[PDB]
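To start, the structure under review is shown below, and the notes come after it.
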Amino acid sequence: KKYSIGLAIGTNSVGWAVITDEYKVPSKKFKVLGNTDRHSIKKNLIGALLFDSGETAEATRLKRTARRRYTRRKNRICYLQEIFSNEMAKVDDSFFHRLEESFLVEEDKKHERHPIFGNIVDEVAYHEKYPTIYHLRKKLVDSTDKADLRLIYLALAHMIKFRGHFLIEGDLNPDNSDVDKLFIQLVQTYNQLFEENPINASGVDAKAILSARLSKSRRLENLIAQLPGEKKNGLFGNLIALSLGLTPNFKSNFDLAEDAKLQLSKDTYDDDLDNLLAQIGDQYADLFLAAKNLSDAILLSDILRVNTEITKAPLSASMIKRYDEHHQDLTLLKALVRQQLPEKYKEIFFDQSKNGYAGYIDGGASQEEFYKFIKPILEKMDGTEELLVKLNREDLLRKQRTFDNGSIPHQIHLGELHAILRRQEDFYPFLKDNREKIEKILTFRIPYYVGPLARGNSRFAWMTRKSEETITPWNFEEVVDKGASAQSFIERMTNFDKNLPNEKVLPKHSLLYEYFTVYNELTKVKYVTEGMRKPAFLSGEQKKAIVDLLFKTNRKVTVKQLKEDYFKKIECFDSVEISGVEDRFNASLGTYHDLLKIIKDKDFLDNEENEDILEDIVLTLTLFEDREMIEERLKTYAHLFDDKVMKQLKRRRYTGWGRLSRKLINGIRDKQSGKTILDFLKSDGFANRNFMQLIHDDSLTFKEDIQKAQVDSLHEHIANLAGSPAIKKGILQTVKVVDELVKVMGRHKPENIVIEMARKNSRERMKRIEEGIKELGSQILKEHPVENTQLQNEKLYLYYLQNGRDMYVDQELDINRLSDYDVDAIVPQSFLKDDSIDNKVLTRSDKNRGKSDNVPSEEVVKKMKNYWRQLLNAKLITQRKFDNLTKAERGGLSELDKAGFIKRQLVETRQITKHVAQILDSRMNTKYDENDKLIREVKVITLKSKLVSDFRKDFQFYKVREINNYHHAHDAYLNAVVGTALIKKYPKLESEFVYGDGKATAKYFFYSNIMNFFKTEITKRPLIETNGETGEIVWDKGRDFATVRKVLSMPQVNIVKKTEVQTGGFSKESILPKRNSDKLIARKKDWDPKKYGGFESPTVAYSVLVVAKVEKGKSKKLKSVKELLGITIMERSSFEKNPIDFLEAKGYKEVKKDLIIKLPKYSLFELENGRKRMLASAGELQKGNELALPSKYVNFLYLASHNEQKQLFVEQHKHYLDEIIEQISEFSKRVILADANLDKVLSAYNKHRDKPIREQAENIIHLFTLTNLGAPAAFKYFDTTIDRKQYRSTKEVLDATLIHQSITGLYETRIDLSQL
RNA sequence: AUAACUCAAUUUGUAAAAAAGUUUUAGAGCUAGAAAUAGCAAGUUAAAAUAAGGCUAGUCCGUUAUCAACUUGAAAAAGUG
DNA sequence: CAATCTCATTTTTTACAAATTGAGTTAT
DNA sequence: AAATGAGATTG
Ligand SMILES: [K+]
Ligand SMILES: [K+]
Ligand SMILES: [K+]
Ligand SMILES: [K+]
Ligand SMILES: [K+]
Ligand SMILES: [K+]
Ligand SMILES: [K+]
Ligand SMILES: [K+]
Ligand SMILES: [K+]
Ligand SMILES: [K+]
Ligand SMILES: [Mg+2]
Ligand SMILES: [Mg+2]
């Protein structure tokens, strides 16, 4: 009747337990339903729910967005064919028909098999003339002869079907012609500005060096290499870098203490440059114009590779170039191999599986695997010297459709499209009339802020229609309301003001919002001088002066400025003490200065009659990021500023939204005062009151006005939490588990509920170092190349994050010496349990940090500080890591800070865990007392994993996860015991552990020793522990430790695997070649995979038991069957719509509809000798038994795998090994039934008896994946690998016992499937 | 424990785009020889599909979340030891 | 039939909002 | 980025 619940919440598991007064877990009889022998069964109230991980919405999103791209790319083609339809009907009757049936085999085609012209002779002639589609592109662009309308279409459709990216705004007009003159012009102006010293043009071939196919870095090096007395870091070097598209830094050139780095493709270039030019003088302007002018002709040299005077199609020409070089070097490679390597010619040019040229063209061999495979052959032969040059440039034998085309801007494909239309519109009138439309098909792009063009049936769409019409690319601006749509894009996601829920939050950069932040900070600033007795607030007149003089002149306001530029200058204090702010004010009037630079009118920003306009301008600048719409929205104010000011305001853009509403900060008014919140922050007289105070002061009316403005389900609520969907899945299951236990306990609520919650990309790592190293100017990657997969090594990863340098000592490290170095916790592990890179460092020896009990010492901080700064700016360390490193210069860890960490080790602060406790508390405590305050009948306790974990080590209740899943349940039992014991012993700690509403050393010691009441001797305490005030019993060393052992020793624990209908993709995505088989699924209704190939390995949503008849033999005599049919995800909707018809089509007859049993994945069946199986599929099974190993063996394995008194227990009881093997064998021979594997285990074990007991025990732990629950898996015992033994027949299940389990497993209905 | 602000890191969710990959077909293979089979010539490109499909017919929707059994329900979830 | 081997779509860009953690300032 | 449900091939 009196019980508490323990809960262990994980991403894949929820353990649960029920305990009584004396920490015993009850044992109850439960009714068994079904048609079986048993009418009931006894179960212990300890168990654990297992389940597959909850997934994010990401993959579904990526598939959904890809979906929409494919359909819109198709609509592009359709739009184009609709423009061509009438005039093509006169040239070729069925052209567009042959194109769309091009995929069909000749047997299924309506028209002749050759798509373009419809006859061998003309089709063979076409490929002779245009071996690639780019041969046709170029000719159609450059030639002036009338072209076949079918060839015009193909050219435009190819350009429209693959249009390139949209990452560059505006238009490009390739000009590769003037690089030599433009470079000479840059060197020219530079030498005009630096007359003391010039650069020499020197006939340097800039075109070749800068247009060569290397990275921008190399082309820079080669360029300055040809310049004597110059360096790549020097001014001219950093200019060449910018002209190449790089981001250089110019501060060290001009003696600037402020970083000046420019990127010509970044939208902030013009203003960044303005800052630089305002600092260094505008006589340097022409120097950057030359860099930009050279940048325009060199921009796309990466892709063009051709002079733009021969053609208007430098891309296609570049493509044709790839082809011709592929041709020559292929002829040349063939000859060579014949002469010098004839015996290898077959492998290279014929065998499709070898990654040769045949594998390259006809196989699945990528450019990289081809090059890798043919690298030795070339450098082995002679006469191949230039092919190796082409290979290192990745230019050897190149296709035209390649992974690296992603750099091509759509503006290029547009150029060629435009040219083709210009030539042939002379001959075809309709191409003239529709020249606009066609270009628009390639050009148009749904703006990301419009979203899907739905009509009321899209859960993802927000866009609004300016008129009810079909949206096309040509009527988009007129039919779609872009302004209202761009608004909803933001507003459907923005927060309302929690204080005023009917009001939108202000932009973060709103002038009003920043006045609020400055005053709210200023109003609690206090000051003292010599004369005065107390520190005093700032008055109204003082703040206004501080704002007008400092905040409206300085971007940031330092305390030094406050003391010198206000207190000294205006109040004549040689010295003053400031409280309430440190070093400088956090708040600032940034937008005030942003606009001051643009509108150059200070009296405009200070004029209060402009407040509304300025607030609407900054709202516009935040809501919209499309500068074409910003301009349209600022037009109304175009009369208040000149043209150039509006131009600048266009580009001013903000992001972010505040926490509060305009009405809250200003709108609302105090009835007595008539002042708004901001009025009080400006002037409140003597008491200078916070926003917090203003909102909670019962003397003012703000609180009541707010309070009267305020205003679901378990599943929606949990889904709306912030956190991993995986952990949310466990949260929901935890509530459902508790509901059932309460019901099991007769609807009596627990006394306590104790809950505990548990806590990979190499590409990101490689990206981190590449960026930081590049930003750091270090050669460590050229000197010590790396591969992402290597960086999963902890020490190697740090080594590169620290630029191959000791983090504490200022000396190099040796990659070959990592094993001799130390990983060290910045803030010692004994305080903060932090495993991440943020708290870790690689140093030669951990002794050099300093004292072990603290942050790295002052000495080290001094020596290394500047070096950590560089790592910070290179983003190789985070601010968190940096601030921790330096803390010693702030006194290191104070005694208070230490005590803080130790209690954070046992007291849970995580928000997600607090939500779990609040959910439980609100479901358990629903009643209110006579004073209308909540009655807390159930106390919800939350514990960190450390308490039970330490409890296990201390008292040797050891845990080994690999043996079975019982530990999930044991942890929950131990949570309830410990959690109830603590609150029973220290009822004052209710505030810390229970949900609801000099000394530092004592705090440290106290929390550090909190768990000693369990022990008899601490390095003494009575055998019977009790609480002081009540005298009640909490812990009894005599009987209670034994009860825990009895519980952890129980063989029967309810480990339930949640059955789940499988969802997601229909099958694997790969499209297999045609095959004579019924395994392949058609990719389209009429595409028989025997002809067209298709998908394999469909996914079973659930299995169904069918008992029915099937026809057999020539005569179709009916045989009675009972079998498992897998319903695939794709078939499921049809099956549930009409189950009989579905099964009848499948061949089953006279189906017994009332015996149809739906069997999701992991359905449980028992067989002979308690042997169990779980349904993995319609044709596979998983292991359904848990092996309960005696505690004595579990504790042994733990101690053997890893004081003198426990080492002796290992040797004394060494015979346990053979007994553990015995235990596994009987289990295996009884439930696993893998005969061969069990031998190789017994054989592989017999052979390593000679090995140490440690290693032997370490690998016996491996042996348990043979007996573990669920899917079989391979494992290694020393160097012997055991292959997994799958169970790929489900026949035996059909006569076994089906077990339907409730969430706890306590309620079962068992069906004996001996029915026919 | 809460609230606003500062700096930073992380996580979740959404939209708009790009390049490949795959699959069938089209790129008249040629001499020999009855036949397999040999010898050589070739290869780089394109079309089309890219969850089967759905009705609400939109340039929309189709892979997340949620699911023991029985009784009740569209469903959520409730009722049953 | 088992045993044994084999295989699994990938990558890139832009724009945006909300939590949460954790070092700070001020407050209820 | 596994791992785990199948496919084909073998014994
Ligand atoms: K035909
Ligand atoms: K290939
Ligand atoms: K291709
Ligand atoms: K500060
Ligand atoms: K914006
Ligand atoms: K004007
Ligand atoms: K699901
Ligand atoms: K799934
Ligand atoms: K994101
Ligand atoms: K279940
Ligand atoms: Mg489709
Ligand atoms: Mg392709």
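Checked against (1) in contact with a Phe, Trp or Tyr (Cβ under 8 Å, 6 or more places away or on another chain); (2) in the same structural domain as residue A:417 (by TED's automatic domain parsing); (3) not hydroxyl-bearing (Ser, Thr, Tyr), residue A:99 passes all but condition (1). When the residues of region A:1159-1214 are narrowed to those that are more than 21 Å from residue A:969 (Cβ to Cβ) and among the small types (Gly, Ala, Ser), which ends up surrounded by the most Cβ atoms within 10 Å (Cβ to Cβ)? This residue is A:1200. Give region A:39-92 a look and list any residue that's under 30 Å from residue A:725 (Cβ atoms) and either within 16 Å of ligand 4 (Cβ to nearest atom) or small (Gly, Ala, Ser) (or both), or say none. Within region A:39-92, A:47, A:48, A:53, A:54, A:57, A:59, A:66 qualify.
Matching residues to (1) in the same structural domain as residue A:999 (by TED's automatic domain parsing); (2) within 32 Å of the chain's Cα centre (by Cα):
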| residue | (1), (2) |
| --- | --- |
| A:901 | no, yes |
| A:921 | yes, no |
| A:924 | yes, no |
| A:935 | yes, no |
| A:949 | yes, yes |
| A:955 | yes, no |
| A:963 | yes, no |
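Across region A:513-532, the number of residues qualifying as in a loop (DSSP other than H, G, I, E, B) and either of a type in the set (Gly, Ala, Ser) or under 36 Å from the mean Cα position of the chain (by Cα) (or both) comes to 1.
Testing residue A:1055 on (1) away from ligand 10 (no atom under 16 Å from the Cβ); (2) assigned to a strand (DSSP E or B), one condition comes back false. Which one is that? (1) is the only condition that residue A:1055 fails. Can you tell me which residue in region A:887-900 is nearest to residue A:806 (Cα to Cα), limited to those that are surrounded by 18 or more Cβ atoms within 10 Å (Cβ to Cβ) and touching a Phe, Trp or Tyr at 6+ places or on another chain (Cβ under 8 Å)? Checking each candidate, the answer is A:893.
For the subset of region A:1066-1082 comprising residues that are surrounded by 14 or more Cβ atoms within 10 Å (Cβ to Cβ) and part of a loop (DSSP other than H, G, I, E, B), which member is farthest from ligand 8 (Cβ to nearest atom)? So, considering only residues that are surrounded by 14 or more Cβ atoms within 10 Å (Cβ to Cβ) and part of a loop (DSSP other than H, G, I, E, B), the one farthest from ligand 8 (Cβ to nearest atom) is A:1074. Under the condition of being over 23 Å from residue A:1316 (Cα atoms) and surrounded by 11 or more Cβ atoms within 10 Å (Cβ to Cβ), the residues counted in region A:1098-1118 number 4.
Scan region A:589-597 and tell me whether some residue there is more than 16 Å from ligand 1 (Cβ to nearest atom), out of contact with any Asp or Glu (no Cβ under 7 Å at 6 or more places or on another chain) and over 19 Å from residue A:512 (Cβ atoms). Scanning region A:589-597 turns up at least one residue that is more than 16 Å from ligand 1 (Cβ to nearest atom), out of contact with any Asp or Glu (no Cβ under 7 Å at 6 or more places or on another chain) and over 19 Å from residue A:512 (Cβ atoms). Exactly one residue out of A:1241, A:1293 is farther than 30 Å from residue A:31 by Cβ and more than 16 Å from ligand 2 (Cβ to nearest atom): that is A:1241.
So which residues in region A:1282-1311 are assigned to a strand (DSSP E or B) and either out of contact with any helix residue (DSSP H, G or I) (no Cβ under 9 Å at 6 or more places or on another chain) or within 16 Å of ligand 4 (Cβ to nearest atom) (or both), if there are any at all?
Passing the criteria: A:1287, A:1297, A:1298, A:1299, A:1300, A:1301, A:1308, A:1309, A:1310, A:1311.
Of all residues in region A:76-104, those satisfying the criterion of being hydrophobic (A, V, I, L, M, F, W, C) and either assigned to a helix (DSSP H, G or I) or under 12 Å from residue A:160 (Cβ atoms) (or both) are A:77, A:78, A:80, A:83, A:84, A:88, A:89, A:91, A:95, A:96, A:99.
Given the criteria within 24 Å of the chain's Cα centre (by Cα) and either within 16 Å of ligand 8 (Cβ to nearest atom) or more than 30 Å from residue A:898 (Cβ to Cβ) (or both), does residue A:791 qualify? The answer is yes for residue A:791. Checking each residue of region A:683-693 against the condition of being assigned to a helix (DSSP H, G or I), under 38 Å from the mean Cα position of the chain (by Cα) and either within 16 Å of DNA strand D (Cβ to nearest atom) or within 30 Å of residue A:537 (Cβ to Cβ) (or both) gives at least one match. Within region A:611-627, the set of residues being hydrophobic (A, V, I, L, M, F, W, C) and either within 16 Å of ligand 10 (Cβ to nearest atom) or surrounded by 20 or more Cβ atoms within 10 Å (Cβ to Cβ) (or both) comprises A:614, A:617, A:618, A:621, A:623, A:624.
Rundown of residues vs (1) within 30 Å of residue A:654 (Cβ to Cβ); (2) assigned to a loop (DSSP other than H, G, I, E, B); (3) among the hydroxyl-bearing types (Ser, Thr, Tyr); (4) not assigned by TED's automatic domain parsing to the domain that holds residue A:414, yes/no style:
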| position | (1), (2), (3), (4) |
| --- | --- |
| A:265 | yes, yes, yes, yes |
| A:276 | yes, no, no, yes |
| A:283 | no, no, no, yes |
| A:289 | yes, no, no, yes |
| A:295 | yes, no, yes, yes |
| A:306 | no, yes, no, yes |
| A:309 | no, yes, no, yes |
| A:318 | no, no, yes, yes |
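Residues in region A:833-857 that are of a type in the set (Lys, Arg) and either within 19 Å of residue A:905 (Cα to Cα) or under 27 Å from the mean Cα position of the chain (by Cα) (or both): 2 in all.
Taking helices (runs of 4 or more DSSP H) as the structural unit, those lying wholly within region A:348-436 and holding at least 2 residues that are among the aromatic types (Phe, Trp, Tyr) correspond to A:357-362, A:367-380.
The residue that is farthest from ligand 2 (Cβ to nearest atom), among those in region A:66-92 that are loosely packed, with under 11 Cβ neighbours inside 10 Å and within 27 Å of residue A:1063 (Cβ to Cβ), is A:71. Looking for something over 35 Å from the mean Cα position of the chain (by Cα) and either outside the structural domain of residue A:1224 (by TED's automatic domain parsing) or under 30 Å from residue A:773 (Cβ atoms) (or both) - is there at least one such residue anywhere in region A:874-889? Yes - at least one qualifying residue is present in region A:874-889.
Basis: the model, the stated rules and, where named, an outside source; nothing here is a laboratory result. Reconstructed Cβ throughout: ideal geometry from the backbone, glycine too, with neighbour counts over all protein chains shown.
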